Structures are given as structure tokens and as C-alpha cells.
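Report on the following structure.
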Ligand SMILES: [Ca+2]
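In PDB author numbering, the protein residues as written are 1 to 235, 244 to 429.
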């Protein structure tokens, strides 16, 4: 509810069936070997009765579903014991633009303001064989059944928590079918299921929706963590952005685990921009008025776990403790130009990566304008701006230090699974 909302894509056999062909051809090559995850960040999350702001353009689809709600810290939950970690279930709505591609993360399609209605948590034993219904303006519009999902609730909790710890109050959306129904301004969309209070939301022209949902500020880091893919010219028509779940974050001089039996885990030094004022539809020219200042991240990746579904996916990029980030923020006024700073990485004192923000493809103002054009940025949100060339493998015992000129120096130590236990 106020927890992180994860969700699974491609979990309904109808979509798997529909996409079977596409999944054998470029750019997928092969069907998903593993669950395809996404996140509905805090700007999306609304309760019953709250409006879904409609972006004009622009075709929008309801996505009635149900979400498991975590009742206690879930790390490596065993399938057979899942119910003990689940407080209950809640009706939800993965509101989305069309699912035309599953290759790149679907941020414009799924992370718009108000795009995740979620209702009341109900303490049921399971949601087996549950028909989830959608009504529009009070008429029946759609129905589907959780028996047609590939992974059930227990399996989803076990699969995600295997690498990403969930906290009490976090949720998992169980998935949606291929076929969806379209909503438009003026519609009232209602989700219903036996055993739950109906969830209802009106769809309103976004130009008519008021101030934007705000949140209490908490010490950094606390906010949506956006991250760029390929953003250094060093050696894309539009930026590749994906989100990282907050349990990936860890502080200075901590440890990060390298999984057993993989070939390649690499650091990624990055300049991180932190938002200081709520921002929507901001021009490049005013973007910097919304920046609080800068910090540093080490955006690790396990290259082995990469797949071609919402790439780079959560099993690579939202690993528990695989994103060291400094807790200090350097105010923008202490940094004349963020587009002229050196980044470096050292492993055991050997310089392995060096670059400059002069090589950013997409500038800080471009990125702020680009994201705020389709979603609300709030104070404490962070934008990891990418990394220059110079990646390499790091192994247990290694000390990896990333540094951005004038912003900070961030230390981390790799350990084995055996050591971290
Ligand atoms: Ca990165």
C-alpha cells in the first residue's frame, strides 16, 4: 500500500500463447526463462475513489488484477511456507498503455500518475480459481481467472524474494491477461471479485486533475530510483530508463554479494541526481530548479542473469544490497556544471574505469524534462545517469571504490554467499 508494488508481466497463459511466435524471433530470441518483473512506483499508487488521470493522445487500458500483500519480511521464502508471509490480498488495477513490446521496460506505459489503483487488504487463505471482473460505467466488461496464471501467488513470492527482500506492506500484482478493456475520460472503472470489496476509480482528463500526490520527506535515500541504460557516448533515439527497488540500496563501506557460480559481476560508477521539488511538465530550461543536488551510486550488474524481457530486469538490477549509494547530497550550487565531472572506479586500488559527464548522451535537464513530461517526480526521487566504459569482473575480497569529482567517494566490498550468511 505504502509499500513497494512489484508486478509480474507475461504470467497469464493467454499472453504466453499469443506471443509464442514473437518470442522465437528478434529481439526476444527465446521465451522467458524466468519471471518478468516490473514496479509501479509511488506516483502511480492510489486508493479507491481516486481518479486515474488520462493522458490525451493515447489509448489506455484497464488491468484488473489482485495483489498479494506481504505480512512480514520476506527473504528467500520457500514456496510451501508462503501463506505465512502473506497478510492477505487486495484488488488492484495495472492501468497501462498498450503492451506492444516486452523488450525494453514499459515505463511510459505503466508508470504514469495514478496508474495503480489498489484496494483493501483482505485476509484470505489463497486466491486460487478466483474470477476477477471489470465493469465500466456499471456494465460487465471483462473477466479472467487466476487459474490461468503460470506462477501462483506462492510461487511469485518465492521467486521474487529469492533475490529481492520484500518488507511488510509491499505487494505483488499477480498478473494480467492478454485481452484488456479500454477506458476513456468520464468512465468509472470497477474491479470486483468474490470475497473482496469492489475497487472503483473514475477516469478523468489529466488537465482537470489538481495538485499531484505528495509524500513526507525522509532521509536520503528515499524515493523512486530511476536508472539510465547506455548514456555515455564514450567510444538510442530516446533514453532507456528502468526502476530499481529500494532494497537494492546499501550504504558506504558495506558488502555486496556475488552469487555462487556466475561468470561476470561488474560495478558501474554513476553520477546520481536527486530531486528537490515536485516536478511535472518541466522544461529543459527550468529543470535544474527542481534539483536538490548530487550523489554517487555503484550500479552493480550480474551479466549472467540478463534476459530480453523488460531488460535489464530485476534479477540483474534490484538485488539485495547490490546498489551502494552515498547518503550525502552535494547541493547543486556547490557544483557549477554536473556535465563536466570525472568519474572513476578502483578495485583494490587499481584504476579500472574513468570517464566524464561531458560524455553524457542525455543531459540532466533533458532527463528531468523527459521523465516529468509523463510522470510526477517528487522530492527524494533519484536518477542514476549511467556509466562510462571500462567495466570488469569483481570477486569476493575485492574492494571497489567509485568516485565522482566534487560529489563523493563510495566504498564497497564484495563477499561470497557463504560469507554473507
Ligand atoms: Ca547503470
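Beta carbons: idealized from backbone N, C-alpha and C, even for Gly.
By the three-class DSSP mapping on this structure, what secondary structure does residue 317 have? coil
Under 7 Å from any heavy atom of ligand 1, does the C-beta of residue 307 make it? Answer for residue 307: yes, Cβ within range of ligand 1.
Does ligand 1 have even one heavy atom less than 7 Å from the beta-carbon of residue 276? yes
Output the residue ranges of the alpha helix (DSSP H) runs that lie fully inside the stretch 264 to 351 and measure 4 residues or longer, sorted by chain position. 322 to 325
Can you tell which of 311, 306, 175, 139 has its C-alpha closest to the C-alpha of residue 116? 175
Determine whether the beta carbon atoms of residue 151 and residue 11 lie at a separation below 8 Å. yes
Can you check which of these residues, 424, 350, 323, is closest to residue 39 by C-alpha distance? 323
So does the stretch 407 to 417 actually touch the stretch 346 to 354, counting three or more Cβ pairs closer than 8 Å? As far as the Cβ criterion goes, the stretch 407 to 417 touches the stretch 346 to 354, which means the pair count is three or higher.
Going by the beta-carbon positions, is the gap between residue 276 and residue 307 smaller than 8 Å? yes
Start and end of the alpha helix (DSSP H) containing residue 372? 372 to 380
Supposed contact pair residue 89 and residue 127 - C-beta distance, whole angstroms, cut 8 Å: The pair is a contact, with the Cβ atoms about 5 Å apart (cut-off 8 Å).
How many angstroms separate the CA atom of residue 114 from the CA atom of residue 43? 6 Å
Out of 379, 72, 309, state which residue places its alpha-carbon closest to the alpha-carbon of residue 400. 309
Is the distance from the Cβ of residue 321 to the Cβ of residue 27 below 8 Å? At least 8 Å separates the beta-carbon of residue 321 from that of residue 27.
By DSSP, does residue 2 sit in helix, in strand, or in coil? coil
Start-to-end residues for the beta strand (DSSP E) that takes in residue 141: 139 to 145 is the span of the beta strand (DSSP E), which, as asked, contains residue 141.
Beta-carbon spacing of residue 393, residue 257 below 8 Å: no
Determine the direct distance from the alpha carbon of residue 167 to that of residue 424, and round the result to whole angstroms. 24 Å
Is residue 47 near ligand 1, with its Cβ less than 7 Å from a heavy atom? No; taking the cut-off as 7 Å, the Cβ of residue 47 has no heavy atom of ligand 1 nearer than that.
By DSSP, does residue 43 sit in helix, in strand, or in coil? coil
Give me the residue from 171, 211, 100 with the minimum Cα distance to residue 288. 211
Simplified DSSP assignment, three categories, for residue 133: strand
When the distance is taken between beta carbons, is residue 140 closer than 8 Å to residue 284? no
Report, in whole angstroms, the separation of the C-beta atoms of residue 82 and residue 149, which I expect to be a contact under 8 Å. Between residue 149 and residue 82 the Cβ distance is about 15 Å, and since that is not below 8 Å, they are no contact.
Could you give the distance in angstroms between the alpha-carbon of residue 185 and the alpha-carbon of residue 112? 15 Å
With a 10 Å radius around its C-beta and 16 neighbouring C-beta atoms as the bar for buried, classify residue 255 as buried or exposed. buried
By how many angstroms is the C-alpha of residue 311 removed from the C-alpha of residue 325? 10 Å
Could you tell me whether the Cβ atoms of residue 328 and residue 164 are closer together than 8 Å? yes
If the criterion is Cβ atoms closer than 8 Å, does the pair residue 290 and residue 377 meet it? Going by C-beta atoms, residue 290 is nearer than 8 Å to residue 377.
Please report the Cβ distance between residue 171 and residue 118, rounded to the nearest whole angstrom; I am assuming they are in contact, meaning their Cβ atoms lie under 8 Å. The C-beta distance from residue 171 to residue 118 rounds to 7 Å, short enough to meet the 8 Å contact threshold.
Exposed or buried, what is residue 348 when buried is set at 16 or more other beta-carbons lying within 10 Å of its beta-carbon? exposed
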